[PDB]
Amino acid sequence: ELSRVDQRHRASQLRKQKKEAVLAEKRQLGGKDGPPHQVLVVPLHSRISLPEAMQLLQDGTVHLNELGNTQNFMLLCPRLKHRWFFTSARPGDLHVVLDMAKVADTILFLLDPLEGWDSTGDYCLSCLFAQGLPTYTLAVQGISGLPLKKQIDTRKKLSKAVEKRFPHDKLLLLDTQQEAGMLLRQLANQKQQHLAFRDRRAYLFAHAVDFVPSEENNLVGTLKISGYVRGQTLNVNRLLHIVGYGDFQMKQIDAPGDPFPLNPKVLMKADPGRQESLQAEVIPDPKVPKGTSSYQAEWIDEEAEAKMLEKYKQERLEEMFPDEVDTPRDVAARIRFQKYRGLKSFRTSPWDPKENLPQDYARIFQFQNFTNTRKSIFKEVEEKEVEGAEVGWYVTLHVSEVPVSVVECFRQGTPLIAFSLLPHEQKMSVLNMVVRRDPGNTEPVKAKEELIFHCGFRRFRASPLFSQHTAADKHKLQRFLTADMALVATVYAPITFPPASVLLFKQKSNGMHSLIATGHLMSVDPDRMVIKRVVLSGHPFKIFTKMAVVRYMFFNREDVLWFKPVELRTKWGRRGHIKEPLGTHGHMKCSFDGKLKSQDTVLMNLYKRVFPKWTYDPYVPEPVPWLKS
Amino acid sequence: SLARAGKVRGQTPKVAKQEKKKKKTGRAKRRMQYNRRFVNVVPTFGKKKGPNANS
Amino acid sequence: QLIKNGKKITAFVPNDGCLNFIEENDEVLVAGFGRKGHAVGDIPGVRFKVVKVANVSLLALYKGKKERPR
Amino acid sequence: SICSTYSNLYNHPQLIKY
Amino acid sequence: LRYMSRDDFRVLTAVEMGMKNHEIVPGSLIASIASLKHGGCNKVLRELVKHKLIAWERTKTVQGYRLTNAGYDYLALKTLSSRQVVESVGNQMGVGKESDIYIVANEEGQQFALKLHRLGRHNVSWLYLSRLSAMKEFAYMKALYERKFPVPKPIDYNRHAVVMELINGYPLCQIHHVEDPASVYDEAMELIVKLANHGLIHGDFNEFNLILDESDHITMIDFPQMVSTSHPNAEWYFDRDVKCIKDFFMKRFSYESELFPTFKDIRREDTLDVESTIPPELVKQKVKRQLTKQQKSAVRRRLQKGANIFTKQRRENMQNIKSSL
RNA sequence: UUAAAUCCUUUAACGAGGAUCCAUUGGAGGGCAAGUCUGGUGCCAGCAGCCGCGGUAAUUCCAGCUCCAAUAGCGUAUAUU
RNA sequence: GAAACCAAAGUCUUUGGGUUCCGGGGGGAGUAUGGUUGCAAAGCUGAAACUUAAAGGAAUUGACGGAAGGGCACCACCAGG
Numbered sequence: 047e048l049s050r051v052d053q054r055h056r057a058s059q060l061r062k063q064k065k066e067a068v069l070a071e072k073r074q075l076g077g078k079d080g081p082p083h084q085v086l087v088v089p090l091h092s093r094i095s096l097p098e099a100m101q102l103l104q105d109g110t111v112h113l114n115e116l117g118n119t120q121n122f123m124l125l126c127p128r129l130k131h132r133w134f135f136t137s138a139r140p141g142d143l144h145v146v147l148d149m150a151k152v153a154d155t156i157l158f159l160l161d162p163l164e165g166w167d168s169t170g171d172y173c174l175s176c177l178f179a180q181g182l183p184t185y186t187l188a189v190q191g192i193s194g195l196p197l198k199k200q201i202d203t204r205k206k207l208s209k210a211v212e213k214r215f216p217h218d219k220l221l222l223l224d225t226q227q228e229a230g231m232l233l234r235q236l237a238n239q240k241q242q243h244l245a246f247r248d249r250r251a252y253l254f255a256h257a258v259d260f261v262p263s264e265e266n267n268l269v270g271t272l273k274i275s276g277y278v279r280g281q282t283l284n285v286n287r288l289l290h291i292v293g294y295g296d297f298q299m300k301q302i303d304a305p306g307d308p309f310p311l312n313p342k343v344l345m346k347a348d349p350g351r352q353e354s355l356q357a358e359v360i361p362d363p392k393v394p395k396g397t398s399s400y401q402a403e404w405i464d465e466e467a468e469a470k471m472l473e474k475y476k477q478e479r480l481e482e483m484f485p486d487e488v489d490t491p492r493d494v495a496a497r498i499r500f501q502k503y504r505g506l507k508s509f510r511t512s513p514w515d516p517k518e519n520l521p522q523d524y525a526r527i528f529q530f531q532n533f534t535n536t537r538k539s540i541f542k543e544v545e546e547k548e549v550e551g552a553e554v555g556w557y558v559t560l561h562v563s564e565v566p567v568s569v570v571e572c573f574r575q576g577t578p579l580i581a582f583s584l585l586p587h588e589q590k591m592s593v594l595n596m597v598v599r600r601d602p603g604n605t606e607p608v609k610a611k612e613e614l615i616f617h618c619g620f621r622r623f624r625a626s627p628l629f630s631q632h633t634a635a636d637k638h639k640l641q642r643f644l645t646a647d648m649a650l651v652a653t654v655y656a657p658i659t660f661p662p663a664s665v666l667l668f669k670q671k672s673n674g675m676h677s678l679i680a681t682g683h684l685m686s687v688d689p690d691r692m693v694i695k696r697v698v699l700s701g702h703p704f705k706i707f708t709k710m711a712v713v714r715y716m717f718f719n720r721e722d723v724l725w726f727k728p729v730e731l732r733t734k735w736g737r738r739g740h741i742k743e744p745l746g747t748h749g750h751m752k753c754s755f756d757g758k759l760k761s762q763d764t765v766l767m768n769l770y771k772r773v774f775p776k777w778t779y780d781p782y783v784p785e786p787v788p789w790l791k792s
Numbered sequence: 079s080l081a082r083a084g085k086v087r088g089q090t091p092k093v094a095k096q097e098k099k100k101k102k103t104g105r106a107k108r109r110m111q112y113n114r115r116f117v118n119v120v121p122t123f124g125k126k127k128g129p130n131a132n133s
Numbered sequence: 073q074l075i076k077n078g079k080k081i082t083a084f085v086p087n088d089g090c091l092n093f094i095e096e097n098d099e100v101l102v103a104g105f106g107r108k109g110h111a112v113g114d115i116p117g118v119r120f121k122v123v124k125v126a127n128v129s130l131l132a133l134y135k136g137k138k139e140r141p142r
Numbered sequence: 352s353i354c355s356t357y358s359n360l361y362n363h364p365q366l367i368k369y
Numbered sequence: 009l010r011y012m013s014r015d016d017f018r019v020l021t022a023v024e025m026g027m028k029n030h031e032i033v034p035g036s037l038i039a040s041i042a043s044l045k046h047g048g049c050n051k052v053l054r055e056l057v058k059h060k061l062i063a064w065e066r067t068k069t070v071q072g073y074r075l076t077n078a079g080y081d082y083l084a085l086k087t088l089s090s091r092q093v094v095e096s097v098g099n100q101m102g103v104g105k106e107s108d109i110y111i112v113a114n115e116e117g118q119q120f121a122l123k124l125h126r127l128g145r146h147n148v149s150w151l152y153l154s155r156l157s158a159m160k161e162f163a164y165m166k167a168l169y170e171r172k173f174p175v176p177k178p179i180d181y182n183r184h185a186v187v188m189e190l191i192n193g194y195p196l197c198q199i200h201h202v203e204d205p206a207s208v209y210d211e212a213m214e215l216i217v218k219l220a221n222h223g224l225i226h227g228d229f230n231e232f233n234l235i236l237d238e239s240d241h242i243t244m245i246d247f248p249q250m251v252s253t254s255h256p257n258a259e260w261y262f263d264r265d266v267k268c269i270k271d272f273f274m275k276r277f278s279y280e281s282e283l284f285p286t287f288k289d290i291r292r293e294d295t296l297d298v299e494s495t496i497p498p499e500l501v502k503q504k505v506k507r508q509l510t511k512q513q514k515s516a517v518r519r520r521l522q523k524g526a527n528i529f530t531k532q533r534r535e536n537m538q539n540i541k542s543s544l
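Protein chains in written order, with the UniProt record's numbering: chain A, 47 to 105, 109 to 313, 342 to 363, 392 to 405, 464 to 792; chain B, 79 to 133; chain C, 73 to 142; chain D, 352 to 369; chain E, 9 to 128, 145 to 299, 494 to 524, 526 to 544.
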């Protein structure tokens, strides 16, 4: 830059650019223009009673909203000039915690003084961490309820117990209304962790829900979700997805009066027929003498526990040995491995992505260029403005086709969050998620096992295909989910746009969802080919230099003749290929690069393309509170 | 084209650590380091064997 | 891409399978490699290594001591 | 007859165009 | 057979570049003259040694690779595949002493004959002598076909390979009986006079170099031995070939000659015995050529450090010395 | 003790048998102190300040076991002597 | 003195007779840019970013000569069977 003053002026300009950018982000939240500041509370340990501190937390002005079981409230004060909306969740109740922390702007964790947190709390903590934390603030309760001699050491013992999850964070105690005021102040002025999924879409938390049935006998009618728009500008033409109940097209939006403004009937838009985004999840349009033979003719309760131990041994057989499958001697090997082929090299040798495809692929949607459409959609949300309802506006939504069970469970306690789907998000595709196994569970999980997915705001059961996470075209199928590897789960699911957090759960017993694998959503495409391998073992029992006789790999003669072009390989590293079949039983002469050890094992690799099972249902049962066995 | 990330970490069999008795620490360990080197000396013709030398 | 000025950097991720922890659009603490600005050993034109991902260390994540938030 | 096929390219997913 | 059809072209041609100048070509030189892919050519070489494509040589100081007999054969067929002459392999093979006859089929399905020279001094010189043999044979094959001679039709030549018209029959040495001995005799005697008219003597015009097509048509092959009529002993090689045919038909078919052709006619036919000013587009090309040469020279010196064999030998003795002390 | 406390010091009682009241961080080809041990991987993954290790017996990678250095500290990046 | 060599290239770890210029791994590069001199061609002055484990000097054995001389062999030829 040069020149003392001119060099400094450069720095002065950049300060004014960055300070304006910061002021833009904070005025959007908690105030006269912005919505409220939605704060979720989780007490982590069982000893902690949330009403004990939540009654300190309430006092400004209160507006106690109520449900069946849960009691969440609005807080408003012109002293700090900040609008709040508190929400309280019990850990273990996985269903509620995750579904309303994915809208909550701030999480406030409550912690017991003598221990760190409960095992039940740790379960919910592992989920929140992996589905995406907003802004966390740690709080305690039993600190001032102890003498000064212990009070110093208690906070030190907590810090060591906390470090293993929250590395460096201050703990603010909740005992006095003065202490709680310090906390509110801290929650207001805080660096916001902008969660990527929430920002590109447009969402609502439900403050009040009304049901107008068209026909009560049909048990389907019009919903009236009233709350604040928080994400982007809500467009009526776009579809709307309610979190636990699926996606449905909505009829009408209206903007009534804001029930709680900071300092104290008309419809916004009606949906046209043509501009409307359409509800279509799948594709619409579908001479010899008497006795002589052939040879001479040429001249002329405890059942599941037993199955678990079977799975444990199958996992050991596929961790010690790659994918060693024994050839059947009863059925012909060319028949049992009909659809299998040999690759010269798994990395290089060509395989057509549009070759032999299932009929289930002719029911989904592909992308011509995924990344280009992803850039085009994300630009048309950020750089473009639509005629819809802006953020901060208290609106009411009217949805055309919605079941009674939605309202029924809302009045019980479970919150409704509804987010506007982006373009091409009602359609189905083949979703790919890179996902590592959580150290919590050590249950053997097979490939086409039915699992519970949480692909960011969506919930479903599915049967995935686990794969190698590679950069190449072909991906090798993994028959079991490994404890340390990162793996790609491939499943038919309705197309969502990355980035999105992805969780995997498994229905245990009594209806307990057990977190097995956490990750994220990768690129969504059906062209990503997953390849199942089968390694057939053989035995070299007669060895000459460079050429050897192998048995027990096959049992017929024309089994060897079928897999002639398949290149053999060897445990001790020799690369060969079969020459002649000899016996009527499965014996073969085989050429190699070098001389084989007698201690050796010959083996060929067979490959087929495998596609996932179509087991998509948006309905997933409510889990019971989680506990440790 | 090629490029796995952490291939050899996930392919290796996860062998559990054996349970041995605790090691002595501090002065106690230094005592044991002294007596293993200068006290019970075994005579050798040229000394070619090390401390960890396995075969 | 650094925060404090906006320069682009190629930064080597150390131990095997540590690339899987790092995801696109994440906070990353980068340090030097050791040689004050030389490309260290094998890697060409790479001077920097990743130390932390989203305020937790790669050394911990590899050893399975801590969880990564997102 | 050995490890050779004619496998037709006749059924594919409907692709969204850019 | 040929499955791999990308990097195998560039690596094998790079060997042929070094083969023309030097004996055993080091692996350091190969990657520099095959600059399209860098680093991963060393695993290609390990796939080449699986087949009979290249041979490894680590004698004393010389470390590298040389091209084989069969490896030189694959390179010509790969070039003929791009010229759309060879697609699939026919199995009827007459394995000789100087050359191998391979049946080839094109895109159309029409079967042609392919000649591969197998001359067998180091193997480098043997695979260079086969290059000169095919270029000489194709020169005569073009010269005779244009001048009305009953020879196989020349199609294409690649290094040592010669593609010719498929004339299927039996050589004259293994013929029991001919339906018309006199007409065949007069046909063969005319062809010696025909060559002499063009100023050529066959030299070795025997029953071992003549093929009958359905016992009607005499076909001539093998032409590296041909001499000029300007030679002092021109009539001697002429008369020896005449007497070879004269005796053969009297021996095998018991036909005595009525016509005795001994005419010297040189030459009534063609003598075949001889057989701001600089535009920015150019500036860009010239700058590119300079910048590539600077990078290629630096890559050569990086590859010359591969010595890996020298370090392995030195490490073995040091372990023995420390253990004995 | 102290403004009042806390801590230290001083003291009643309880408080130690190795599955505990369990010591860590780096390393173990050379530089440079300490394994041609065992399994896994097969120029891949990775390591490696530098020299280099890996392309099927890996003293160099991931593990197990064993050992060494420092020790309530010990690594890593950077400025500098 | 690394040495070939050097009565200077000696009187240097037993290091100080006076004094001018000038080098600090190799490249980038004696390049850009500025200044200045030049009718011009150019000269003088003169970087960095970045890249690389080397760039080199002396000496020494002789794997290879597409170097030269000899000598030998019906597993070579010549005259032959």
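We treat Cβ as the ideally placed atom computed from N, Cα and C, and that holds for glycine.
Straight-line measurement puts the Cα of residue 286 (chain E) at about 8 Å from the Cα of residue 263 (chain E). In the DSSP assignment, the residues bridged to residue 135 (chain A) are A:85. Within 8 Å of the CB of residue 58 (chain E), the CB atoms of chain A belong to 738, 756, in sequence order along the chain. The beta carbons of residue 710 (chain A) and residue 761 (chain A) sit no closer together than 7 Å. Nearest to residue 95 (chain A) by alpha-carbon distance, out of A:75, A:77, A:159, A:706, is A:159. For residue 33 (chain E) against residue 74 (chain E), the beta-carbon gap comes to about 7 Å, under 8 Å, which counts as contact. For the stretch 587-606 of chain A, the set of positions with a beta-carbon nearer than 8 Å to some beta-carbon of chain C reads 597, 599, 602 in chain order.
Taking a beta-carbon distance threshold of 7 Å, residue 357 (chain A) does not count as an interface residue toward chain C. In the three-state reduction of the DSSP assignment, residue 67 (chain A) falls in the helix class, which pools H, G and I. The beta-bridge partner set that DSSP reports for residue 753 (chain A) consists of A:711, A:741. With respect to the C-alpha of residue 174 (chain E), the residue from E:119, E:110, E:218 having the closest C-alpha is E:218.
For residue 245 (chain A), the uninterrupted alpha helix (DSSP H) segment begins and ends at 245-249.
Within the same chain, Cβ atoms closer than 7 Å to the Cβ of residue 402 (chain A) are found at 393, the five residues on either side in sequence being excluded. In the DSSP assignment, residue 38 (chain E) falls within the unbroken alpha helix (DSSP H) covering 35-41. Using a Cβ-Cβ distance cut-off of 8 Å, the stretch 765-773 of chain A and the stretch 687-698 of chain A are in contact, since at least three pairs of beta carbons, one from each stretch, lie closer than that value.
Taking a Cβ-Cβ cut-off of 7 Å, the neighbours of residue 181 (chain A) in chain C comprise 142, given in sequence order.
Ranking A:644, A:660, A:640, A:628 by CA distance to the CA of residue 535 (chain A) puts A:660 first. When the alpha-carbon of residue 297 (chain E) is set against those of E:116, E:103, E:252, the nearest one is in E:252.
Within the stretch 55-126 of chain E, the complete beta strand (DSSP E) segments at least 3 residues long are 62-66, 71-75, 96-103, 107-113, 119-125, listed from N- to C-terminus. A residue is called buried when at least 16 other Cβ atoms come within 10 angstroms of its Cβ; residue 161 (chain E) meets this threshold and is buried. Per DSSP, the unbroken alpha helix (DSSP H) holding residue 512 (chain E) starts and ends at 498-521.
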